[PDB]
Amino acid sequence: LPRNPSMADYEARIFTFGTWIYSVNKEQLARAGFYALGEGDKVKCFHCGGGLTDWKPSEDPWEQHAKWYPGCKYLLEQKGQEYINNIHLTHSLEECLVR
Ligand SMILES: CC[C@H](N)C(=O)N[C@@H]1C(=O)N2[C@@H](CC[C@@H]1CO)CC[C@H]2C(=O)NC(c1ccccc1)c1ccccc1
Ligand SMILES: [Zn+2]
């Protein structure tokens, strides 16, 4: 049920990062199901349509995917039920832990 059948394959996705000036890894992004829109560092997940932008140095493409778009069927089969929930518990723990 992918929102962009043309961007379904990895090859088509890194193809979009031919002018990537940002330090977030292009191969990592492509593998997480993202491609670029030539509009700042904005990226769209090929399958869920989920859009991410303003990446920070410490930010894992997979982790960011699960943080904002956990419904994603592509994410689920790549990384798993437990992975997705874990990322959410981690943010739940941190906020609780920080006084
Ligand atoms: C990707 C890691 C980054 N540090 C981050 O968390 N970005 C957030 C984000 O992309 N979104 C979350 C909140 C804003 C954050 C930026 O401070 C909610 C969902 C997501 C989003 O939809 N971003 C938008 C967008 C567009 C313009 C300005 C701000 C956010 C978006 C929409 C379409 C395509 C790309 C990004
Ligand atoms: Zn997705």
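Remarks
- Test for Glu63: is it within 12 Å of ligand 1 (Cβ to nearest atom) and under 15 Å from the mean Cα position of the chain (by Cα): yes
- Yes/no for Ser58 being touching a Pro at 6+ places or on another chain (Cβ under 8 Å) and either touching a residue at least 40 places away in the same chain (Cβ under 8 Å) or part of a loop (DSSP other than H, G, I, E, B) (or both): no
- Per this entry, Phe34 is not counted among residues that are away from ligand 1 (no atom under 12 Å from the Cβ), more than 21 Å from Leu89 (Cα to Cα) and either surrounded by 13 or more Cβ atoms within 10 Å (Cβ to Cβ) or free of Cβ contacts under 8 Å to residues at least 60 places away in the same chain (or both).
- Hits in the stretch 27-45 (condition: small (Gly, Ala, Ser), over 8 Å from the mean Cα position of the chain (by Cα) and either closer than 14 Å to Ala66 by Cα or in a helix (DSSP H, G or I) (or both)): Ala30
- When residues of the stretch 66-77 are limited to those that are near ligand 1 (Cβ under 9 Å from one of its atoms) and assigned to a helix (DSSP H, G or I), the one surrounded by the most Cβ atoms within 10 Å (Cβ to Cβ): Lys67
- Residue within the stretch 56-67 that is touching a strand residue (DSSP E or B) at 6+ places or on another chain (Cβ under 8 Å) and of a type in the set (A, V, I, L, M) present: no
- Under the condition of being closer than 14 Å to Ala12 by Cα, within 11 Å of ligand 2 (Cβ to nearest atom) and touching a helix residue (DSSP H, G or I) at 6+ places or on another chain (Cβ under 7 Å), the residues counted in the stretch 36-77 number 4.
All Cβ positions, even for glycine, are placed from backbone atoms using ideal geometry, and neighbour counts span all protein chains on display. No lab work stands behind these numbers, since they all come straight from the coordinates.
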